[PDB]
Amino acid sequence: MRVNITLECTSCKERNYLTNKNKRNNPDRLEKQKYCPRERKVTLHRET
Amino acid sequence: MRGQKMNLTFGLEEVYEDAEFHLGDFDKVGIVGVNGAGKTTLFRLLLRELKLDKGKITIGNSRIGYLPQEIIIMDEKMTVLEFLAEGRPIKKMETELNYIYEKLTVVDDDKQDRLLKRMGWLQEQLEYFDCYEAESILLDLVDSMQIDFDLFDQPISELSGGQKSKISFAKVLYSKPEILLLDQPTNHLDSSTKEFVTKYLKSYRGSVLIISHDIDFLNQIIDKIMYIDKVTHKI
Amino acid sequence: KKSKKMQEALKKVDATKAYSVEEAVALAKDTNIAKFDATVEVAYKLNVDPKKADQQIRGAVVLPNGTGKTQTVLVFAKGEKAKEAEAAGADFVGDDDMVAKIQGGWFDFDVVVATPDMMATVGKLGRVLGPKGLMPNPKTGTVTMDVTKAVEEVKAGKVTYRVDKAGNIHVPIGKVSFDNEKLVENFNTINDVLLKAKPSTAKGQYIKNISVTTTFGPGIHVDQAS
RNA sequence: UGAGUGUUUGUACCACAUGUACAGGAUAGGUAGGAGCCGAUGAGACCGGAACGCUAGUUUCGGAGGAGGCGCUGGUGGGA
Ligand SMILES: Nc1ncnc2c1ncn2[C@@H]1O[C@H](COP(=O)(O)OP(=O)(O)OP(=O)(O)O)[C@@H](O)[C@H]1O
Ligand SMILES: Nc1ncnc2c1ncn2[C@@H]1O[C@H](COP(=O)(O)OP(=O)(O)OP(=O)(O)O)[C@@H](O)[C@H]1O
Ligand SMILES: [Mg+2]
Ligand SMILES: [Zn+2]
């Protein structure tokens, strides 16, 4: 089951990115180091 | 206790889907469901250990007495008395209070306001949990389940499964709670010990939620039965 | 069942009728039939439930006219703080070493007041004072850097007010010997301090019932507005 | 669109009764006052009945009798 997901910056809680993932292949919340435009630096974003 | 639009999904397998429940006060609720239904998970939500993915779970401000389904032995060398004593926050507050006194000597006129406020609450809180409990607990074992004092000085990890269940149940009572969340309170008890637990829960005036796979045990106590469905993911 | 004196006092009193403040103090002075200088105490039943941490109240209020009884002071102080205690005239001046003798000795001192630095050493004795309740409490102001204010307040008649678990907080306003006006003034001071002490989380009417009574006399309901 | 009866109730007054763990003299509900209090307006102690009861005892009514007991104090307990 592949679903659209939102990656939110952990630092400022800003829903910066939209992506998608297969729940079965990745049961746990995804986490990626992405650039947060609000904070203007690379931060850890975790699916919401 | 109330929950609305409850949602919870560990990975791909979901537990609650738009589940709801309202429990009135002073209700001896018997929680029933197959293994994995999510009975233990409900308590974790009540204890705020878990958070619903979506929805609101509402709990009263009253103090909650929680009896875990599995015994929590932080260290192997912990003694039964240490384990039981940890039920009450007397020791924890005293350690904080002792440190507050240390800061008072070090700090003259800087942090006194914060320290003085913290000290006052600890004393008031300590008195609220009257420090006479040291004697009450010693006799709570006797009147509760005929727990011998030789066990009182023995490491908890060395006790038998039935003995551990008695200690854990006594620990819950030692905390003097307002709401009872019992997760299989008679898992290992023998016939004689189960008798005491039943009588106390019948007499217990407050609200008590019981997760049990013992039908006869529940029937003697339960007035309201909450069923956690495994297929509909509802309550 | 009831003594004739108490029955006579009862016929003077009217349970249904909640007297004004002046009426209540006068009626208490009348009701204390027994021939000794009995104390006058007022009981407030606050709506708050002390079982809640915030709700419970514990403080100390200075009474301008005093309690009608002198109060022995024990001061735990060292060096300059001991000098402050000497100036104030503490009934006992001691230090971390004098606490050991104080344990079992010089008991019945009305209130203990220890310096912050001293509290760390004083706490050991305080655990003994704990059950006695004598241990200084910062919320009441007993624990203080300077003891001069504490000692003068004790002499002035500082009263420690602590709500009971059931929500009824009692406090002696003054002796029957005091003039009814001074008792009423002390009662008014008690009323104001309770209002200021009303916790934020409290809702509804703050006080369920106010009663005044002497050590011997019966209880007399008193109007809160008065 | 109003009267009553009765039953069943949820609530608030008002009376009543209960408070027995360890130790402690022993049946210790909390808080505050409390050295003095109470009894020919019939005390102590005795006896029966009734109640409660943890089985220890306690609550209370009564028969007689007529003047006493109780508390502080003392130890215990966290608490008298
Ligand atoms: N962190 C987790 N990761 C993956 N699955 C989980 C996690 N936590 C719980 N689950 C699942 O939640 C499901 C139900 O939760 P819960 O443990 O409360 O069931 P239960 O009814 O209390 O079990 P039992 O009655 O046998 O004691 C479990 O079967 C478990 O598989
Ligand atoms: N490793 C151990 N070290 C010290 N004492 C132990 C040890 N194991 C058991 N004991 C003691 O042996 C006694 C009985 O042993 P056992 O484990 O067989 O109890 P049991 O018969 O299984 O009781 P139940 O299963 O109902 O809890 C217990 O008092 C237990 O505390
Ligand atoms: Mg479970
Ligand atoms: Zn960000």
# chains A, B, ... in the order shown; residues from 1 in each chain; ligands from 1
call {"tool": "residues_around", "arguments": {"residues": "region 174-187 of chain B", "least_positions_apart": "6", "cutoff": "6 Å", "atoms": "only C-alpha atoms (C1' of nucleotides)", "output": "short mmCIF file (atom, residue, chain, number, x, y, z; two decimals) with C-alpha atoms, in the first residue's frame"}}
result
data_model
loop_
_atom_site.label_atom_id
_atom_site.label_comp_id
_atom_site.auth_asym_id
_atom_site.auth_seq_id
_atom_site.Cartn_x
_atom_site.Cartn_y
_atom_site.Cartn_z
CA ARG B 63 -4.55 9.83 40.05
CA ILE B 64 -4.35 6.48 38.26
CA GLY B 65 -3.10 3.19 39.69
CA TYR B 66 -1.58 1.06 36.93
CA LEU B 67 -0.85 -2.67 37.23
CA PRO B 68 1.29 -3.66 34.23
CA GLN B 69 0.70 -6.95 32.46
CA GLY B 87 5.29 2.65 44.42
CA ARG B 88 5.14 5.84 46.48
CA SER B 207 -13.59 3.11 39.26
CA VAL B 208 -11.61 0.04 38.21
CA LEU B 209 -10.87 -1.09 34.65
CA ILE B 210 -9.87 -4.75 34.46
CA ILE B 211 -8.24 -6.50 31.50
CA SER B 212 -8.80 -10.21 32.14
#
call {"tool": "residues_around", "arguments": {"residues": "residue 31 (chain A)", "least_positions_apart": "6", "cutoff": "8 Å", "atoms": "only C-alpha atoms (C1' of nucleotides)", "output": "list in words"}}
result
residues 7, 44, 45, 46 and 47 of chain A
call {"tool": "write_last_selection", "arguments": {"atoms": "C-alpha atoms", "output": "tab-separated table (two decimals), in the first residue's frame"}}
result
chain	number	residue	atom	x	y	z
A	7	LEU	CA	7.57	15.29	5.75
A	44	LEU	CA	15.73	16.23	9.98
A	45	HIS	CA	12.24	15.84	8.55
A	46	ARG	CA	10.01	13.04	9.81
A	47	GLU	CA	6.76	11.87	8.27
call {"tool": "interface_residues", "arguments": {"of": "chain A", "to": "chain B", "cutoff": "10 Å", "atoms": "only C-alpha atoms", "output": "ChimeraX atom specification"}}
result
/A:1,22-29,48
call {"tool": "closest_atom_pairs", "arguments": {"of": "chain B", "to": "ligand 1", "cutoff": "7 Å", "atoms": "only C-alpha atoms and all ligand atoms", "output": "Markdown table"}}
result
| residue | atom | partner | partner_atom_place_in_ligand_line | distance |
| --- | --- | --- | --- | --- |
| B:10 | CA | ligand 1 | 4 (C) | 4.8 |
| B:11 | CA | ligand 1 | 4 (C) | 6.3 |
| B:15 | CA | ligand 1 | 12 (O) | 6.2 |
| B:33 | CA | ligand 1 | 21 (O) | 6.0 |
| B:34 | CA | ligand 1 | 25 (O) | 6.0 |
| B:35 | CA | ligand 1 | 26 (O) | 3.5 |
| B:36 | CA | ligand 1 | 29 (O) | 3.3 |
| B:37 | CA | ligand 1 | 21 (O) | 4.1 |
| B:38 | CA | ligand 1 | 18 (O) | 3.5 |
| B:39 | CA | ligand 1 | 22 (O) | 3.8 |
| B:40 | CA | ligand 1 | 18 (O) | 3.2 |
| B:41 | CA | ligand 1 | 18 (O) | 3.5 |
| B:42 | CA | ligand 1 | 18 (O) | 6.4 |
| B:69 | CA | ligand 1 | 27 (O) | 6.8 |
call {"tool": "write_last_selection", "arguments": {"atoms": "C-alpha atoms", "output": "compact mmCIF listing (two decimals), in the first residue's frame"}}
result
# COMPACT_ATOMS: atom_id res chain seq x y z
CA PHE B 10 1.55 0.67 14.26
CA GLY B 11 3.12 0.45 10.83
CA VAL B 15 -5.41 -0.97 16.24
CA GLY B 33 -10.58 -8.95 23.62
CA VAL B 34 -8.44 -11.55 21.92
CA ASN B 35 -4.67 -11.38 22.27
CA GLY B 36 -3.40 -8.41 20.30
CA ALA B 37 -6.82 -6.76 20.23
CA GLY B 38 -5.27 -3.67 21.80
CA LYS B 39 -6.40 -3.90 25.40
CA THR B 40 -3.00 -3.02 26.84
CA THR B 41 -2.67 -0.28 24.23
CA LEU B 42 -5.78 1.43 25.61
CA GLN B 69 0.70 -6.95 32.46
call {"tool": "select_by_dssp", "arguments": {"residues": "region 46-182 of chain B", "states": "alpha helix (DSSP H)", "output": "mmCIF file with N, CA, C and O atoms, in the first residue's frame"}}
result
data_model
loop_
_atom_site.group_PDB
_atom_site.id
_atom_site.type_symbol
_atom_site.label_atom_id
_atom_site.label_comp_id
_atom_site.auth_asym_id
_atom_site.auth_seq_id
_atom_site.Cartn_x
_atom_site.Cartn_y
_atom_site.Cartn_z
ATOM 1 N N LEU B 46 -4.370 5.912 27.972
ATOM 2 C CA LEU B 46 -4.838 6.582 29.180
ATOM 3 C C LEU B 46 -3.674 7.138 29.983
ATOM 4 O O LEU B 46 -3.743 8.260 30.498
ATOM 5 N N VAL B 80 12.456 -6.808 47.132
ATOM 6 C CA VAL B 80 11.007 -6.639 47.143
ATOM 7 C C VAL B 80 10.632 -5.341 47.840
ATOM 8 O O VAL B 80 9.755 -4.601 47.380
ATOM 9 N N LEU B 81 11.289 -5.040 48.961
ATOM 10 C CA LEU B 81 10.979 -3.805 49.671
ATOM 11 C C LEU B 81 11.308 -2.593 48.815
ATOM 12 O O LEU B 81 10.538 -1.628 48.772
ATOM 13 N N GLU B 82 12.440 -2.628 48.111
ATOM 14 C CA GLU B 82 12.759 -1.522 47.220
ATOM 15 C C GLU B 82 11.719 -1.403 46.120
ATOM 16 O O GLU B 82 11.283 -0.297 45.778
ATOM 17 N N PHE B 83 11.298 -2.537 45.561
ATOM 18 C CA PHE B 83 10.300 -2.516 44.499
ATOM 19 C C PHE B 83 8.989 -1.925 45.001
ATOM 20 O O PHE B 83 8.411 -1.035 44.368
ATOM 21 N N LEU B 84 8.510 -2.402 46.151
ATOM 22 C CA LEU B 84 7.263 -1.881 46.698
ATOM 23 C C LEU B 84 7.398 -0.416 47.079
ATOM 24 O O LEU B 84 6.512 0.394 46.789
ATOM 25 N N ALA B 85 8.511 -0.053 47.717
ATOM 26 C CA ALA B 85 8.686 1.326 48.154
ATOM 27 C C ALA B 85 8.657 2.281 46.975
ATOM 28 O O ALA B 85 8.222 3.429 47.112
ATOM 29 N N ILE B 90 7.666 9.037 47.804
ATOM 30 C CA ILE B 90 8.329 9.609 48.973
ATOM 31 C C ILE B 90 9.828 9.711 48.729
ATOM 32 O O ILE B 90 10.434 10.773 48.916
ATOM 33 N N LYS B 91 10.448 8.613 48.292
ATOM 34 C CA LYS B 91 11.896 8.618 48.137
ATOM 35 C C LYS B 91 12.330 9.597 47.055
ATOM 36 O O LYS B 91 13.311 10.327 47.230
ATOM 37 N N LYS B 92 11.611 9.631 45.933
ATOM 38 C CA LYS B 92 12.013 10.500 44.833
ATOM 39 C C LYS B 92 12.001 11.961 45.261
ATOM 40 O O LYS B 92 12.949 12.709 44.992
ATOM 41 N N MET B 93 10.938 12.383 45.945
ATOM 42 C CA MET B 93 10.837 13.779 46.351
ATOM 43 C C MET B 93 11.914 14.136 47.366
ATOM 44 O O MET B 93 12.483 15.231 47.314
ATOM 45 N N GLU B 94 12.213 13.224 48.292
ATOM 46 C CA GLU B 94 13.236 13.506 49.293
ATOM 47 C C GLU B 94 14.590 13.746 48.641
ATOM 48 O O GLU B 94 15.319 14.666 49.028
ATOM 49 N N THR B 95 14.941 12.934 47.642
ATOM 50 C CA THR B 95 16.195 13.153 46.931
ATOM 51 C C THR B 95 16.217 14.521 46.264
ATOM 52 O O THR B 95 17.231 15.230 46.317
ATOM 53 N N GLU B 96 15.109 14.919 45.636
ATOM 54 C CA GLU B 96 15.022 16.273 45.103
ATOM 55 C C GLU B 96 15.092 17.303 46.221
ATOM 56 O O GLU B 96 15.808 18.304 46.110
ATOM 57 N N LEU B 97 14.363 17.070 47.313
ATOM 58 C CA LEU B 97 14.350 18.036 48.404
ATOM 59 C C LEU B 97 15.731 18.172 49.023
ATOM 60 O O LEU B 97 16.158 19.277 49.377
ATOM 61 N N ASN B 98 16.443 17.055 49.173
ATOM 62 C CA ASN B 98 17.789 17.121 49.724
ATOM 63 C C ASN B 98 18.689 17.976 48.845
ATOM 64 O O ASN B 98 19.486 18.778 49.349
ATOM 65 N N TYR B 99 18.570 17.831 47.524
ATOM 66 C CA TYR B 99 19.348 18.670 46.621
ATOM 67 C C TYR B 99 18.952 20.135 46.740
ATOM 68 O O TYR B 99 19.811 21.022 46.691
ATOM 69 N N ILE B 100 17.657 20.412 46.898
ATOM 70 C CA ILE B 100 17.226 21.799 47.030
ATOM 71 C C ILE B 100 17.944 22.443 48.203
ATOM 72 O O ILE B 100 18.424 23.580 48.114
ATOM 73 N N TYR B 101 18.051 21.715 49.313
ATOM 74 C CA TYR B 101 18.769 22.226 50.473
ATOM 75 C C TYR B 101 20.230 22.494 50.143
ATOM 76 O O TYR B 101 20.800 23.497 50.585
ATOM 77 N N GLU B 102 20.855 21.604 49.369
ATOM 78 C CA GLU B 102 22.241 21.821 48.971
ATOM 79 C C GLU B 102 22.383 23.117 48.184
ATOM 80 O O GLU B 102 23.311 23.898 48.421
ATOM 81 N N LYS B 103 21.470 23.362 47.245
ATOM 82 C CA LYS B 103 21.537 24.588 46.460
ATOM 83 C C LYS B 103 21.380 25.809 47.353
ATOM 84 O O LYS B 103 22.012 26.845 47.119
ATOM 85 N N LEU B 104 20.538 25.707 48.382
ATOM 86 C CA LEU B 104 20.312 26.844 49.264
ATOM 87 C C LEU B 104 21.607 27.281 49.933
ATOM 88 O O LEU B 104 21.861 28.480 50.087
ATOM 89 N N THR B 105 22.439 26.323 50.343
ATOM 90 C CA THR B 105 23.717 26.685 50.943
ATOM 91 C C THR B 105 24.638 27.327 49.914
ATOM 92 O O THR B 105 25.284 28.343 50.198
ATOM 93 N N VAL B 106 24.706 26.754 48.713
ATOM 94 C CA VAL B 106 25.593 27.289 47.686
ATOM 95 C C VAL B 106 25.126 28.671 47.249
ATOM 96 O O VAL B 106 25.915 29.621 47.179
ATOM 97 N N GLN B 112 17.014 31.739 45.304
ATOM 98 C CA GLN B 112 16.230 31.432 46.495
ATOM 99 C C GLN B 112 14.741 31.384 46.185
ATOM 100 O O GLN B 112 14.035 30.478 46.644
ATOM 101 N N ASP B 113 14.242 32.337 45.396
ATOM 102 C CA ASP B 113 12.816 32.353 45.091
ATOM 103 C C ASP B 113 12.380 31.042 44.450
ATOM 104 O O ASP B 113 11.419 30.409 44.898
ATOM 105 N N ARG B 114 13.092 30.603 43.410
ATOM 106 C CA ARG B 114 12.743 29.338 42.775
ATOM 107 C C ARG B 114 12.932 28.171 43.734
ATOM 108 O O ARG B 114 12.074 27.285 43.822
ATOM 109 N N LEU B 115 14.045 28.158 44.468
ATOM 110 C CA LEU B 115 14.296 27.059 45.392
ATOM 111 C C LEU B 115 13.253 27.023 46.500
ATOM 112 O O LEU B 115 12.762 25.950 46.870
ATOM 113 N N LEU B 116 12.904 28.190 47.044
ATOM 114 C CA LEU B 116 11.947 28.229 48.143
ATOM 115 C C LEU B 116 10.588 27.700 47.705
ATOM 116 O O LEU B 116 9.941 26.942 48.437
ATOM 117 N N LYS B 117 10.141 28.089 46.510
ATOM 118 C CA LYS B 117 8.885 27.570 45.984
ATOM 119 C C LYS B 117 8.944 26.059 45.807
ATOM 120 O O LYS B 117 8.013 25.343 46.191
ATOM 121 N N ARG B 118 10.042 25.559 45.240
ATOM 122 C CA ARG B 118 10.173 24.124 45.018
ATOM 123 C C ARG B 118 10.209 23.362 46.336
ATOM 124 O O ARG B 118 9.583 22.303 46.468
ATOM 125 N N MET B 119 10.927 23.893 47.327
ATOM 126 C CA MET B 119 10.980 23.249 48.635
ATOM 127 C C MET B 119 9.600 23.175 49.268
ATOM 128 O O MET B 119 9.209 22.135 49.809
ATOM 129 N N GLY B 120 8.841 24.268 49.203
ATOM 130 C CA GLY B 120 7.530 24.273 49.828
ATOM 131 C C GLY B 120 6.622 23.213 49.242
ATOM 132 O O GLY B 120 5.946 22.482 49.970
ATOM 133 N N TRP B 121 6.600 23.107 47.912
ATOM 134 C CA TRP B 121 5.747 22.112 47.279
ATOM 135 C C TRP B 121 6.152 20.707 47.696
ATOM 136 O O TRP B 121 5.295 19.871 48.005
ATOM 137 N N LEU B 122 7.456 20.432 47.731
ATOM 138 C CA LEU B 122 7.908 19.098 48.102
ATOM 139 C C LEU B 122 7.465 18.738 49.510
ATOM 140 O O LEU B 122 6.966 17.633 49.750
ATOM 141 N N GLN B 123 7.616 19.667 50.454
ATOM 142 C CA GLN B 123 7.153 19.409 51.810
ATOM 143 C C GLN B 123 5.650 19.183 51.830
ATOM 144 O O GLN B 123 5.159 18.213 52.415
ATOM 145 N N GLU B 124 4.902 20.062 51.164
ATOM 146 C CA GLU B 124 3.456 19.904 51.120
ATOM 147 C C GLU B 124 3.081 18.610 50.415
ATOM 148 O O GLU B 124 2.202 17.872 50.876
ATOM 149 N N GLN B 125 3.750 18.311 49.300
ATOM 150 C CA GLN B 125 3.499 17.057 48.602
ATOM 151 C C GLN B 125 3.895 15.865 49.463
ATOM 152 O O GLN B 125 3.176 14.860 49.510
ATOM 153 N N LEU B 126 5.024 15.963 50.168
ATOM 154 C CA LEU B 126 5.452 14.858 51.020
ATOM 155 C C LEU B 126 4.429 14.606 52.114
ATOM 156 O O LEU B 126 4.108 13.453 52.424
ATOM 157 N N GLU B 127 3.899 15.674 52.707
ATOM 158 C CA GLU B 127 2.898 15.508 53.750
ATOM 159 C C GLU B 127 1.614 14.937 53.170
ATOM 160 O O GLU B 127 0.930 14.150 53.831
ATOM 161 N N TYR B 128 1.283 15.313 51.932
ATOM 162 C CA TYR B 128 0.116 14.744 51.272
ATOM 163 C C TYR B 128 0.249 13.232 51.153
ATOM 164 O O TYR B 128 -0.707 12.495 51.420
ATOM 165 N N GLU B 133 3.656 6.104 55.904
ATOM 166 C CA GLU B 133 3.404 4.922 55.093
ATOM 167 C C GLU B 133 4.445 3.837 55.316
ATOM 168 O O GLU B 133 4.158 2.658 55.076
ATOM 169 N N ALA B 134 5.646 4.207 55.763
ATOM 170 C CA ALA B 134 6.692 3.217 55.989
ATOM 171 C C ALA B 134 6.176 2.075 56.850
ATOM 172 O O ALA B 134 6.511 0.908 56.618
ATOM 173 N N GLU B 135 5.355 2.392 57.849
ATOM 174 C CA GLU B 135 4.769 1.353 58.685
ATOM 175 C C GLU B 135 3.541 0.736 58.028
ATOM 176 O O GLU B 135 3.312 -0.472 58.150
ATOM 177 N N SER B 136 2.740 1.542 57.325
ATOM 178 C CA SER B 136 1.512 1.019 56.733
ATOM 179 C C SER B 136 1.818 -0.057 55.698
ATOM 180 O O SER B 136 1.128 -1.082 55.637
ATOM 181 N N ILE B 137 2.838 0.165 54.865
ATOM 182 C CA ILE B 137 3.186 -0.818 53.843
ATOM 183 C C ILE B 137 3.589 -2.138 54.489
ATOM 184 O O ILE B 137 3.181 -3.216 54.041
ATOM 185 N N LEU B 138 4.395 -2.071 55.553
ATOM 186 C CA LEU B 138 4.838 -3.286 56.229
ATOM 187 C C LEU B 138 3.652 -4.142 56.646
ATOM 188 O O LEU B 138 3.708 -5.375 56.572
ATOM 189 N N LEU B 139 2.570 -3.507 57.084
ATOM 190 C CA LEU B 139 1.380 -4.233 57.498
ATOM 191 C C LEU B 139 0.383 -4.413 56.364
ATOM 192 O O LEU B 139 -0.511 -5.260 56.471
ATOM 193 N N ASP B 140 0.522 -3.650 55.280
ATOM 194 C CA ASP B 140 -0.306 -3.891 54.107
ATOM 195 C C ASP B 140 -0.025 -5.253 53.496
ATOM 196 O O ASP B 140 -0.940 -5.901 52.977
ATOM 197 N N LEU B 141 1.227 -5.715 53.559
ATOM 198 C CA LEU B 141 1.543 -7.061 53.090
ATOM 199 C C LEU B 141 0.809 -8.115 53.904
ATOM 200 O O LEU B 141 0.264 -9.076 53.348
ATOM 201 N N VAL B 142 0.771 -7.943 55.224
ATOM 202 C CA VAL B 142 0.158 -8.947 56.089
ATOM 203 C C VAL B 142 -1.329 -9.048 55.798
ATOM 204 O O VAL B 142 -1.866 -10.138 55.568
ATOM 205 N N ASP B 143 -2.017 -7.908 55.786
ATOM 206 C CA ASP B 143 -3.460 -7.918 55.620
ATOM 207 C C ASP B 143 -3.869 -8.184 54.182
ATOM 208 O O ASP B 143 -5.022 -8.554 53.938
ATOM 209 N N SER B 144 -2.957 -8.013 53.225
ATOM 210 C CA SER B 144 -3.341 -8.136 51.826
ATOM 211 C C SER B 144 -3.402 -9.596 51.399
ATOM 212 O O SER B 144 -4.474 -10.114 51.069
ATOM 213 N N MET B 145 -2.256 -10.284 51.413
ATOM 214 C CA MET B 145 -2.189 -11.624 50.842
ATOM 215 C C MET B 145 -1.300 -12.570 51.641
ATOM 216 O O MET B 145 -0.844 -13.581 51.095
ATOM 217 N N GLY B 161 6.619 -16.772 39.816
ATOM 218 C CA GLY B 161 5.664 -16.000 39.039
ATOM 219 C C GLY B 161 4.434 -15.613 39.837
ATOM 220 O O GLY B 161 3.972 -14.472 39.771
ATOM 221 N N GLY B 162 3.905 -16.548 40.620
ATOM 222 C CA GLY B 162 2.772 -16.227 41.470
ATOM 223 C C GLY B 162 3.121 -15.200 42.527
ATOM 224 O O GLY B 162 2.336 -14.295 42.813
ATOM 225 N N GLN B 163 4.308 -15.325 43.116
ATOM 226 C CA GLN B 163 4.735 -14.366 44.125
ATOM 227 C C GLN B 163 4.883 -12.975 43.532
ATOM 228 O O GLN B 163 4.449 -11.986 44.133
ATOM 229 N N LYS B 164 5.471 -12.880 42.342
ATOM 230 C CA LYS B 164 5.627 -11.579 41.707
ATOM 231 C C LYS B 164 4.282 -10.902 41.490
ATOM 232 O O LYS B 164 4.142 -9.696 41.721
ATOM 233 N N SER B 165 3.274 -11.664 41.071
ATOM 234 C CA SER B 165 1.965 -11.068 40.842
ATOM 235 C C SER B 165 1.387 -10.486 42.124
ATOM 236 O O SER B 165 0.778 -9.411 42.106
ATOM 237 N N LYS B 166 1.581 -11.169 43.253
ATOM 238 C CA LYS B 166 1.126 -10.613 44.522
ATOM 239 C C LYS B 166 1.830 -9.300 44.828
ATOM 240 O O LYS B 166 1.189 -8.320 45.220
ATOM 241 N N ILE B 167 3.146 -9.253 44.626
ATOM 242 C CA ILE B 167 3.898 -8.040 44.935
ATOM 243 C C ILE B 167 3.421 -6.892 44.060
ATOM 244 O O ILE B 167 3.148 -5.787 44.544
ATOM 245 N N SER B 168 3.287 -7.144 42.760
ATOM 246 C CA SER B 168 2.863 -6.091 41.849
ATOM 247 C C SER B 168 1.476 -5.588 42.207
ATOM 248 O O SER B 168 1.223 -4.378 42.200
ATOM 249 N N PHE B 169 0.564 -6.500 42.537
ATOM 250 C CA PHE B 169 -0.770 -6.070 42.931
ATOM 251 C C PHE B 169 -0.711 -5.246 44.207
ATOM 252 O O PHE B 169 -1.383 -4.213 44.321
ATOM 253 N N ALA B 170 0.094 -5.680 45.177
ATOM 254 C CA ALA B 170 0.238 -4.917 46.410
ATOM 255 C C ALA B 170 0.852 -3.550 46.134
ATOM 256 O O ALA B 170 0.449 -2.546 46.731
ATOM 257 N N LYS B 171 1.818 -3.494 45.216
ATOM 258 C CA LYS B 171 2.456 -2.226 44.883
ATOM 259 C C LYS B 171 1.436 -1.219 44.372
ATOM 260 O O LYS B 171 1.490 -0.034 44.721
ATOM 261 N N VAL B 172 0.495 -1.673 43.547
ATOM 262 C CA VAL B 172 -0.536 -0.778 43.033
ATOM 263 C C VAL B 172 -1.349 -0.208 44.184
ATOM 264 O O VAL B 172 -1.594 1.000 44.259
ATOM 265 N N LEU B 173 -1.764 -1.072 45.108
ATOM 266 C CA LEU B 173 -2.526 -0.611 46.261
ATOM 267 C C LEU B 173 -1.693 0.310 47.139
ATOM 268 O O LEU B 173 -2.215 1.267 47.724
ATOM 269 N N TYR B 174 -0.394 0.037 47.246
ATOM 270 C CA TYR B 174 0.466 0.871 48.077
ATOM 271 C C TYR B 174 0.463 2.315 47.596
ATOM 272 O O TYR B 174 0.518 3.248 48.406
#
call {"tool": "residues_near_ligand", "arguments": {"ligand": "ligand 2", "cutoff": "12 Å", "atoms": "only C-alpha atoms (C1' of nucleotides) and all ligand atoms", "output": "count of residues only"}}
result
34
call {"tool": "interface_residues", "arguments": {"of": "chain D", "to": "chain C", "cutoff": "12 Å", "atoms": "only C-alpha atoms (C1' of nucleotides)", "output": "list in words"}}
result
residues 13, 14, 29, 30, 31, 32, 33, 34, 35, 36, 37, 38, 39, 41, 77, 78 and 79 of chain D
call {"tool": "write_last_selection", "arguments": {"atoms": "C-alpha atoms (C1' of nucleotides)", "output": "PDB file, in the first residue's frame"}}
result
ATOM      1  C1'   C D  13     -31.281  19.934  54.638  1.00  0.00           C
ATOM      2  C1'   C D  14     -32.232  17.645  59.608  1.00  0.00           C
ATOM      3  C1'   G D  29     -11.440   9.465  61.412  1.00  0.00           C
ATOM      4  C1'   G D  30      -9.149  14.566  60.310  1.00  0.00           C
ATOM      5  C1'   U D  31      -8.446  19.757  61.570  1.00  0.00           C
ATOM      6  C1'   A D  32      -8.237  23.685  65.396  1.00  0.00           C
ATOM      7  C1'   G D  33      -9.008  25.215  70.476  1.00  0.00           C
ATOM      8  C1'   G D  34      -8.003  22.515  74.716  1.00  0.00           C
ATOM      9  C1'   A D  35      -6.537  22.395  81.290  1.00  0.00           C
ATOM     10  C1'   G D  36      -9.526  22.231  82.726  1.00  0.00           C
ATOM     11  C1'   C D  37     -14.169  19.382  81.892  1.00  0.00           C
ATOM     12  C1'   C D  38     -18.212  16.890  83.493  1.00  0.00           C
ATOM     13  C1'   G D  39     -21.972  14.624  87.673  1.00  0.00           C
ATOM     14  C1'   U D  41     -30.657  19.322  86.204  1.00  0.00           C
ATOM     15  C1'   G D  77       2.726   6.046  68.454  1.00  0.00           C
ATOM     16  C1'   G D  78       3.455   9.499  62.570  1.00  0.00           C
ATOM     17  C1'   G D  79      -0.583  10.996  64.839  1.00  0.00           C
TER      18        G D  79
END
call {"tool": "closest_residue", "arguments": {"among": "B:195, B:108, B:216, B:130", "to": "chain D", "atoms": "only C-alpha atoms (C1' of nucleotides)"}}
result
B:130
call {"tool": "interface_residues", "arguments": {"of": "chain C", "to": "chain B", "cutoff": "6 Å", "atoms": "only C-alpha atoms", "output": "list in words"}}
result
residues 116, 117, 120, 138 and 139 of chain C
